[PDB]
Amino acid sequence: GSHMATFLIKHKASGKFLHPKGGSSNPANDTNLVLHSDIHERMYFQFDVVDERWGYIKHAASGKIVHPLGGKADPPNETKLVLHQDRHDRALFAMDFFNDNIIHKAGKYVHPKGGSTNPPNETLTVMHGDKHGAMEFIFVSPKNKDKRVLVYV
């Protein structure tokens, strides 16, 4: 809904964060989502709850949301994650704050491309069905990157 938490999406193994590539306040449609160590307001996210666990991962600065590129119902492994303005069911994710992962409605997870525990800055993110330590994410305060915050509001 319109009341949302504002948080950082932190890759647990590396300590890096989800960013729009380039860090714009208003990324173009289909801008890749990457991992990067910087912290600033143009990498803050919100979670827009739609249907129980399901909702949109919203870029706070622009209002664009996370999508598997191309808007397929069941994206294959290695489908890149991007930002896009469209709001529809194929952009639904759940923020699993118990198992520490981000799961798409068709069942794959958000990963760093290549699956490293310690990826470099600018590493792309993709959908992949595998579960392992390098696909874990926690959701933390913009003012304290170690403090978990509740994203279901």
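One rule holds for the numbers: they count along the sequence shown, beginning at 1.
Between the stretches 144-152 and 2-10, it is 2-10 that shows the larger average CA temperature factor.
When the C-alpha B-factors of 111-119 and 58-66 are averaged, 111-119 comes out higher.
Which of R42, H128, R87, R53 has the largest Cα B-factor in the deposited entry comes down to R87.
Split the chain's modelled residues into thirds by C-alpha temperature factor. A73 is in the highest one. Among all modelled residues in its chain, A28 ranks in the highest third by Cα B-factor. When the modelled residues of the chain are ordered by their C-alpha B factor, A134 lands in the highest third.
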